[PDB]
Amino acid sequence: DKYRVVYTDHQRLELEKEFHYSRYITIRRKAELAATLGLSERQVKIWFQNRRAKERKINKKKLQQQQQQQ
DNA sequence: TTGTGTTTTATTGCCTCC
DNA sequence: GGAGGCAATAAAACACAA
């Protein structure tokens, strides 16, 4: 049935932290993180892709706001 | 509630690396 | 010799007003 799982607040936290460590995850790290977090490598891949899109989207907006002063 | 918007998983399909 | 990137999209989930 399921169309999307919801990730636990723990799982998200680790992933955000790691994302701050580096925007692109290494093959080795990916494998560590998946194993310690109880998700698949694919899910971690994908999550990292989404987070970079979110970041691009937030950055464009930061820019749009900064164009809007003086 | 219901409608209305934004966020979060997950896929698809195309591109680029020698 | 196939991984890894992005964009565009879908739908569940949330948030919350009216």
# chains A, B, ... in the order shown; residues from 1 in each chain; ligands from 1
$ interface_residues --of "chain C" --to "chain A" --cutoff "9 Å" --atoms "only C-alpha atoms (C1' of nucleotides)" --output "mmCIF file with N, CA, C and O atoms (P, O5', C5', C4', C3', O3' and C1' of nucleotides), in the first residue's frame"
data_model
loop_
_atom_site.group_PDB
_atom_site.id
_atom_site.type_symbol
_atom_site.label_atom_id
_atom_site.label_comp_id
_atom_site.auth_asym_id
_atom_site.auth_seq_id
_atom_site.Cartn_x
_atom_site.Cartn_y
_atom_site.Cartn_z
ATOM 1 P P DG C 5 25.295 12.253 -6.318
ATOM 2 O "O5'" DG C 5 25.148 13.061 -7.691
ATOM 3 C "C5'" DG C 5 25.517 14.452 -7.810
ATOM 4 C "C4'" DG C 5 24.959 15.062 -9.075
ATOM 5 C "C3'" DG C 5 23.604 15.730 -8.968
ATOM 6 O "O3'" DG C 5 23.645 16.991 -8.308
ATOM 7 C "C1'" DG C 5 23.707 14.505 -10.979
ATOM 8 P P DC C 6 22.298 17.672 -7.799
ATOM 9 O "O5'" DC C 6 21.500 17.980 -9.130
ATOM 10 C "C5'" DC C 6 21.876 19.078 -9.992
ATOM 11 C "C4'" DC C 6 20.904 19.038 -11.146
ATOM 12 C "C3'" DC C 6 19.535 19.598 -10.795
ATOM 13 O "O3'" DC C 6 19.163 20.809 -11.392
ATOM 14 C "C1'" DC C 6 19.363 17.464 -11.868
ATOM 15 P P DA C 11 -1.085 11.145 -8.484
ATOM 16 O "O5'" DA C 11 -0.862 11.117 -6.902
ATOM 17 C "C5'" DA C 11 -0.278 9.948 -6.297
ATOM 18 C "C4'" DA C 11 -0.102 10.193 -4.818
ATOM 19 C "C3'" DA C 11 -1.328 10.821 -4.157
ATOM 20 O "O3'" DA C 11 -1.939 9.767 -3.394
ATOM 21 C "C1'" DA C 11 0.690 12.018 -3.577
ATOM 22 P P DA C 12 -2.065 9.784 -1.800
ATOM 23 O "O5'" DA C 12 -0.577 9.616 -1.265
ATOM 24 C "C5'" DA C 12 -0.344 8.645 -0.219
ATOM 25 C "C4'" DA C 12 0.470 9.276 0.879
ATOM 26 C "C3'" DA C 12 -0.282 9.577 2.165
ATOM 27 O "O3'" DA C 12 0.518 9.108 3.253
ATOM 28 C "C1'" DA C 12 0.760 11.544 1.401
ATOM 29 P P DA C 13 0.086 9.454 4.747
ATOM 30 O "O5'" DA C 13 0.696 10.912 4.932
ATOM 31 C "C5'" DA C 13 1.967 11.058 5.548
ATOM 32 C "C4'" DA C 13 2.174 12.508 5.892
ATOM 33 C "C3'" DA C 13 1.328 12.998 7.060
ATOM 34 O "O3'" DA C 13 2.230 13.625 7.947
ATOM 35 C "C1'" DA C 13 1.267 14.535 5.278
#
$ interface_residues --of "chain B" --to "chain A" --cutoff "10 Å" --atoms "only C-alpha atoms (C1' of nucleotides)" --output "ChimeraX atom specification"
/B:8-11
$ write_last_selection --atoms "C-alpha atoms (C1' of nucleotides)" --output "CSV table (one decimal), in the first residue's frame"
chain,number,residue,atom,x,y,z
B,8,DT,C1',8.2,15.5,2.6
B,9,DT,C1',9.1,10.8,0.2
B,10,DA,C1',9.7,8.8,-4.1
B,11,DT,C1',9.8,8.1,-8.9
$ atom_distance --atom1 "atom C1' of residue B:12" --atom2 "atom CA of residue A:44"
17.8 Å
$ atom_distance --atom1 "atom CA of residue A:35" --atom2 "atom CA of residue A:21"
18.3 Å
$ atom_distance --atom1 "atom CA of residue A:66" --atom2 "atom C1' of residue C:16"
29.1 Å
$ select_by_dssp --residues "chain A" --states "alpha helix (DSSP H)" --output "MDAnalysis selection string"
chainID A and resid 9:21 27:37 41:67
$ write_last_selection --atoms "N, CA and C atoms" --output "compact mmCIF listing (two decimals), in the first residue's frame"
# COMPACT_ATOMS: atom_id res chain seq x y z
N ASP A 9 12.09 11.78 13.55
CA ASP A 9 12.82 12.99 13.92
C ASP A 9 14.35 12.70 14.11
N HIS A 10 14.66 11.53 14.68
CA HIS A 10 16.08 11.12 14.80
C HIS A 10 16.73 11.01 13.45
N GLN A 11 16.09 10.22 12.58
CA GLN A 11 16.61 9.98 11.25
C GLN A 11 16.81 11.29 10.54
N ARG A 12 15.81 12.15 10.55
CA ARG A 12 16.01 13.47 9.93
C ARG A 12 17.22 14.25 10.52
N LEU A 13 17.35 14.23 11.83
CA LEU A 13 18.39 14.99 12.48
C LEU A 13 19.78 14.66 11.98
N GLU A 14 20.10 13.36 12.05
CA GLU A 14 21.34 12.83 11.51
C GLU A 14 21.59 13.26 10.08
N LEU A 15 20.56 13.14 9.26
CA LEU A 15 20.69 13.49 7.85
C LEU A 15 20.96 14.98 7.68
N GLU A 16 20.22 15.84 8.37
CA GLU A 16 20.58 17.28 8.35
C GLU A 16 22.01 17.56 8.79
N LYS A 17 22.43 16.88 9.86
CA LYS A 17 23.80 17.10 10.36
C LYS A 17 24.85 16.76 9.30
N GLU A 18 24.73 15.53 8.84
CA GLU A 18 25.57 15.07 7.74
C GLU A 18 25.53 16.00 6.51
N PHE A 19 24.34 16.48 6.19
CA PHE A 19 24.20 17.43 5.08
C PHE A 19 25.02 18.68 5.37
N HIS A 20 25.01 19.15 6.61
CA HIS A 20 25.85 20.32 6.93
C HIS A 20 27.30 19.96 6.84
N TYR A 21 27.67 18.74 7.23
CA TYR A 21 29.07 18.29 7.05
C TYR A 21 29.45 18.35 5.56
N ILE A 27 30.25 7.55 -1.07
CA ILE A 27 29.74 6.19 -1.22
C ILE A 27 29.89 5.39 0.10
N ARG A 28 31.06 5.59 0.70
CA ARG A 28 31.38 4.94 1.99
C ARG A 28 30.42 5.47 3.05
N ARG A 29 30.46 6.80 3.29
CA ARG A 29 29.59 7.39 4.31
C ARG A 29 28.17 6.98 4.14
N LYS A 30 27.66 7.10 2.92
CA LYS A 30 26.28 6.69 2.58
C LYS A 30 25.99 5.33 3.16
N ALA A 31 26.92 4.41 2.90
CA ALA A 31 26.72 3.05 3.38
C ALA A 31 26.71 2.99 4.96
N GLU A 32 27.62 3.74 5.62
CA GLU A 32 27.63 3.80 7.10
C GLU A 32 26.28 4.30 7.61
N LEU A 33 25.98 5.54 7.24
CA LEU A 33 24.73 6.18 7.60
C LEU A 33 23.52 5.33 7.37
N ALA A 34 23.39 4.76 6.19
CA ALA A 34 22.19 3.86 5.97
C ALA A 34 22.11 2.77 7.04
N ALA A 35 23.24 2.12 7.25
CA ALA A 35 23.29 0.99 8.16
C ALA A 35 22.97 1.45 9.55
N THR A 36 23.55 2.56 10.01
CA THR A 36 23.25 3.02 11.38
C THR A 36 21.84 3.57 11.50
N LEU A 37 21.24 4.05 10.42
CA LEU A 37 19.93 4.72 10.56
C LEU A 37 18.76 3.87 10.23
N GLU A 41 20.33 2.61 1.17
CA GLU A 41 21.25 3.43 0.46
C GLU A 41 20.50 4.29 -0.54
N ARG A 42 19.50 3.69 -1.16
CA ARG A 42 18.75 4.39 -2.18
C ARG A 42 17.98 5.56 -1.54
N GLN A 43 17.37 5.27 -0.39
CA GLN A 43 16.63 6.31 0.30
C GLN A 43 17.57 7.47 0.71
N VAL A 44 18.77 7.10 1.15
CA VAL A 44 19.68 8.13 1.52
C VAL A 44 20.11 8.91 0.31
N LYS A 45 20.45 8.24 -0.80
CA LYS A 45 20.70 8.95 -2.04
C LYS A 45 19.67 9.97 -2.36
N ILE A 46 18.44 9.49 -2.38
CA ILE A 46 17.32 10.28 -2.81
C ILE A 46 17.11 11.47 -1.88
N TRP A 47 17.27 11.21 -0.60
CA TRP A 47 17.01 12.28 0.38
C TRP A 47 18.00 13.39 0.14
N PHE A 48 19.25 12.98 -0.14
CA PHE A 48 20.29 13.97 -0.43
C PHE A 48 20.00 14.70 -1.71
N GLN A 49 19.51 13.98 -2.71
CA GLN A 49 19.08 14.76 -3.87
C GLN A 49 18.02 15.76 -3.53
N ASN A 50 16.96 15.36 -2.82
CA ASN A 50 15.88 16.34 -2.48
C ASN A 50 16.42 17.57 -1.68
N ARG A 51 17.28 17.26 -0.70
CA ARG A 51 17.78 18.34 0.14
C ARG A 51 18.56 19.39 -0.68
N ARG A 52 19.37 18.93 -1.65
CA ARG A 52 20.03 19.89 -2.56
C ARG A 52 19.01 20.68 -3.35
N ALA A 53 17.88 20.07 -3.71
CA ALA A 53 16.87 20.91 -4.46
C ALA A 53 16.19 21.98 -3.58
N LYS A 54 15.97 21.55 -2.34
CA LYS A 54 15.42 22.44 -1.38
C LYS A 54 16.40 23.59 -1.22
N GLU A 55 17.70 23.26 -1.12
CA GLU A 55 18.68 24.29 -0.90
C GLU A 55 18.71 25.22 -2.10
N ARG A 56 18.69 24.67 -3.32
CA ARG A 56 18.68 25.61 -4.46
C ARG A 56 17.49 26.58 -4.40
N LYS A 57 16.34 25.97 -4.09
CA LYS A 57 15.11 26.74 -3.98
C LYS A 57 15.19 27.81 -2.89
N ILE A 58 15.68 27.49 -1.71
CA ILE A 58 15.92 28.54 -0.65
C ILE A 58 16.94 29.60 -1.04
N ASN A 59 18.00 29.18 -1.76
CA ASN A 59 19.02 30.13 -2.20
C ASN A 59 18.50 31.15 -3.23
N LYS A 60 17.81 30.66 -4.26
CA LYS A 60 17.13 31.62 -5.18
C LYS A 60 16.29 32.69 -4.48
N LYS A 61 15.59 32.27 -3.45
CA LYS A 61 14.74 33.16 -2.66
C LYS A 61 15.60 34.11 -1.85
N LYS A 62 16.63 33.59 -1.22
CA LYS A 62 17.54 34.49 -0.47
C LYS A 62 18.00 35.56 -1.43
N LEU A 63 18.38 35.16 -2.66
CA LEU A 63 18.81 36.13 -3.67
C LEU A 63 17.73 37.16 -4.05
N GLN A 64 16.54 36.63 -4.38
CA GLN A 64 15.38 37.50 -4.66
C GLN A 64 15.13 38.49 -3.54
N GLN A 65 15.24 38.09 -2.28
CA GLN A 65 15.08 39.08 -1.20
C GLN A 65 16.18 40.08 -1.22
N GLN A 66 17.42 39.69 -1.55
CA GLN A 66 18.55 40.61 -1.42
C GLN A 66 18.59 41.61 -2.57
N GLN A 67 18.13 41.19 -3.75
CA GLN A 67 17.87 42.11 -4.84
C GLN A 67 16.85 43.21 -4.50
$ decode --residues "chain C" --atoms "C-alpha atoms (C1' of nucleotides)" --output "compact mmCIF listing (two decimals), in the first residue's frame"
# COMPACT_ATOMS: atom_id res chain seq x y z
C1' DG C 1 31.88 -0.52 -17.77
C1' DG C 2 26.62 2.23 -14.89
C1' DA C 3 27.28 5.64 -11.13
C1' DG C 4 25.79 9.88 -9.92
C1' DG C 5 23.71 14.50 -10.98
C1' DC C 6 19.36 17.46 -11.87
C1' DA C 7 14.32 18.84 -13.13
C1' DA C 8 9.80 18.05 -13.12
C1' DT C 9 6.34 15.73 -11.26
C1' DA C 10 2.99 12.79 -8.01
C1' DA C 11 0.69 12.02 -3.58
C1' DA C 12 0.76 11.54 1.40
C1' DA C 13 1.27 14.54 5.28
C1' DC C 14 0.98 18.44 7.61
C1' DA C 15 -0.73 23.14 8.92
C1' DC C 16 -4.25 26.19 9.37
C1' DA C 17 -8.07 29.52 7.69
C1' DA C 18 -12.10 30.28 6.78
